[PDB]
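Novice: Structure for the following, please:
(one chain, ligands or ions: 2)
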Amino acid sequence: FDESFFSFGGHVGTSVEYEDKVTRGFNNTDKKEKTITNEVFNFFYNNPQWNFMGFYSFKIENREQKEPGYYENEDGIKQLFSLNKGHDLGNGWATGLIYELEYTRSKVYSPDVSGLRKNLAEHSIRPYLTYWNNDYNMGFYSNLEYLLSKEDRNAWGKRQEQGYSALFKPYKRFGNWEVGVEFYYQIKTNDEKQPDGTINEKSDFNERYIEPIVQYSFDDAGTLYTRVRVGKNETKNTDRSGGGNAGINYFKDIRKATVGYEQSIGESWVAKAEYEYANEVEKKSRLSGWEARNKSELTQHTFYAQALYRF
Ligand SMILES: OC[C@H]1O[C@@H]2O[C@H]3[C@H](O)[C@@H](O)[C@@H](O[C@H]4[C@H](O)[C@@H](O)[C@@H](O[C@H]5[C@H](O)[C@@H](O)[C@@H](O[C@H]6[C@H](O)[C@@H](O)[C@@H](O[C@H]7[C@H](O)[C@@H](O)[C@@H](O[C@H]8[C@H](O)[C@@H](O)[C@@H](O[C@H]1[C@H](O)[C@H]2O)O[C@@H]8CO)O[C@@H]7CO)O[C@@H]6CO)O[C@@H]5CO)O[C@@H]4CO)O[C@@H]3CO
Ligand SMILES: OC[C@H]1O[C@@H]2O[C@H]3[C@H](O)[C@@H](O)[C@@H](O[C@H]4[C@H](O)[C@@H](O)[C@@H](O[C@H]5[C@H](O)[C@@H](O)[C@@H](O[C@H]6[C@H](O)[C@@H](O)[C@@H](O[C@H]7[C@H](O)[C@@H](O)[C@@H](O[C@H]1[C@H](O)[C@H]2O)O[C@@H]7CO)O[C@@H]6CO)O[C@@H]5CO)O[C@@H]4CO)O[C@@H]3CO
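Specialist: Numbers count the residues shown, from 1 in each chain. Ligands and ions are numbered 1, 2, ... in the order given. Please see the structure below:
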């Protein structure tokens, strides 16, 4: 018991993420955003004696937004707390529960506000079920999720999102290869109000995607991988939404491609680098009248690098 407290391994590390986004919106102009995320600490804790995994991350985030006649800068701190109590069921089966809390505090600067504060709390509860068949070298990861997101933007009001998701990812290993496909479905309700209670948004949302992944492990080196996502989502406003969005539906097509490489360096260090492309095209059921076109297109390039020390 006292001894079990000391039987942990895991990793400590750091990462940096750079995100370059351009959204050409319904007004047919470019909103350009650059975000840098500095993960000053991330801590993976693994106690096989408890069959318990924990994760903690501290991030500093800075975003700059630029578009015709407007700018916005946002600086934030994000902490993640994650607890995973697992359970070996034998014969290749396992189950467990994840409880995850992510808190973000940020300040926004623009020509119109100076240090407007935003507080975000997101809670994720995920029962999961895994299977691995050693004879076939095939298995799957699966989970359900309840997700609650609550954001207080002070003068800009409050927003709550609440819903569920399901994920199923079968995968197979053969030689140095591993191939998998992630299937994902999410539903949620959005509720956003101004401080006096005026409704900005009341809407129902759903998303689905399928994402194949291929990886190859080099005998004398690391693991190279690629993932490609094709998905869709929809946001359907009730008659109570504001801003001309009453009864309006948004439909989005999603395409992503990722390539990454991870390699161990000696016995303890592991480094990973990854590039992701994302292109998302949105249209409305009906334009309000101010729009220049029925199209809003996001193109995003993300660069990610991570260095971890295993123990
Ligand atoms: O938590 C740190 C981790 O976070 C991120 O990974 C997430 C990932 O993006 C999601 O996809 C998801 O992963 C689920 C996945 O989709 C499912 O396929 C399944 O995973 C199965 C694997 O597919 C299958 O390969 C096998 O995995 C085994 C490995 O092949 C084997 O090498 C070994 O793994 C050990 C590593 O060799 C060792 O280096 C160390 O791993 C560290 C990583 O190197 C490091 O990058 C980091 O990982 C991040 C990751 O980058 C994020 O993308 O920390 C790791 C821990 O230090 O530790 C390994 C332990 O031995 O053994 C494994 C297991 O046998 O089996 C799995 C099924 O178990 O399930 C996934 C959900 O668990 O979730 C994660 C977040 O956890
Ligand atoms: O060029 C101006 C602007 O025009 C277009 O926006 C549309 C928008 O697409 C429509 O949906 C609608 O907006 C409604 C919303 O539906 C409703 O939510 C509400 O908006 C509130 C926000 O939800 C809340 O977050 C806050 O918004 C802040 C915001 O966080 C800041 O980012 C800042 O907004 C700027 C944008 O960043 C910038 O892109 C641009 O907006 C364009 C937009 O690209 C285009 O699609 O300018 C704005 C402001 O300069 O500021 C606000 C706070 O001022 O506050 C609101 C308060 O309700 O209200 C709107 C209004 O109906 O209609 C707009 C305009 O037609």
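
Novice: ok, now how distant is the closest residue to ligand 2 within the stretch 101-250 of the chain from residue 290?
Specialist: Residue of the stretch 101-250 of the chain nearest ligand 2, by Cβ to the nearest ligand atom: residue 243 (2.6 Å). For the C-beta atoms, the positions are set from N, CA and C on the backbone; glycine is no exception. Here residue 243 is placed at a distance of 10 Å from residue 290 (Cβ to Cβ, to the nearest Å).

Novice: more neighbours, these two?
Specialist: Using other Cβ atoms under 10 Å as the criterion, residue 243 and residue 290 rank with residue 243 on top: 11 against 8.

Novice: Might you report the residue contacts of the nearest residue to that one once chain neighbours are set aside?
Specialist: Nearest residue to residue 243, sequence neighbours excluded (Cβ to Cβ, 6 or more residues apart in numbering): residue 200, at 6.4 Å. Shown in contact with residue 200 (Cβ atoms under 8 Å, 6 or more residues apart in numbering): 157, 192, 193, 194, 241, 242, 243.

Novice: Whichever strand or helix holds residue 200 near ligand 2 at all?
Specialist: Using DSSP states H and E, residue 200 sits in strand 199-217. Yes. Contact of strand 199-217 with ligand 2 (Cβ under 6 Å from any ligand atom) involves 200, 201.

Novice: Please name the strands paired to that strand in the sheet, noting orientation.
Specialist: Strand 199-217 has the following strand partners under DSSP bridges: strand 177-193 (antiparallel), strand 223-237 (antiparallel).

Novice: Switch these over to a markdown table; also include mean neighbour count and distance to residue 105.
Specialist: Below are those laid out as a markdown table (neighbours: other Cβ atoms under 10 Å; distance: least, Cβ to Cβ, whole Å):
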| stretch | mean neighbour count | distance to residue 105 |
| --- | --- | --- |
| strand 177-193 | 16 | 19 |
| strand 223-237 | 17 | 27 |
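
Novice: Switch the ones you listed over to a markdown table; also include distance to ligand 1.
Specialist: A markdown table is the format used below for the strands paired with strand 199-217 (distance: least, Cβ to the nearest ligand atom, whole Å):
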| stretch | distance to ligand 1 |
| --- | --- |
| strand 177-193 | 5 |
| strand 223-237 | 8 |
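
Novice: In terms of helices and strands, where is the residue of the stretch 101-250 of the chain closest to ligand 2?
Specialist: Here residue 243 is assigned to no helix or strand, by DSSP H and E.

Novice: show me what contacts residue 224?
Specialist: Neighbouring residues of residue 224 by Cβ under 8 Å, 6+ apart: 215, 216, 218, 259, 260, 261.

Novice: Between the residues you listed, which sits nearest residue 85?
Specialist: Closest to residue 85 out of these is residue 215 (28.2 Å), distances taken as Cβ to Cβ.

Novice: Return the distance of that closest one relative to residue 179.
Specialist: Counting by Cβ to Cβ - residue 215 and residue 179 are separated by 8 Å.

Novice: Show me which residues of the chain are close to ligand 2?
Specialist: Neighbours of ligand 2 within the chain, by Cβ under 6 Å from any ligand atom: 25-27, 31, 67, 70, 72, 112, 156, 192, 194, 200-201, 242-245, 290.

Novice: Narrow those residues to just the buried residues.
Specialist: 25, 26, 31, 67, 72, 156, 192, 200, 201, 245 (16 or more other Cβ atoms under 10 Å).

Novice: Against residue 192, how distant is the last one?
Specialist: Here the criterion is Cβ to Cβ. By it, residue 245 lies 10 Å from residue 192.

Novice: Mind listing the shared neighbours of these two?
Specialist: With Cβ under 8 Å, 6+ apart, residue 245 and residue 192 have common neighbours residue 201.

Novice: Identify the residues contacting residue 203.
Specialist: Going by Cβ under 8 Å, 6+ apart, residue 203 touches 189, 190, 235, 236, 237, 238, 241, 245.
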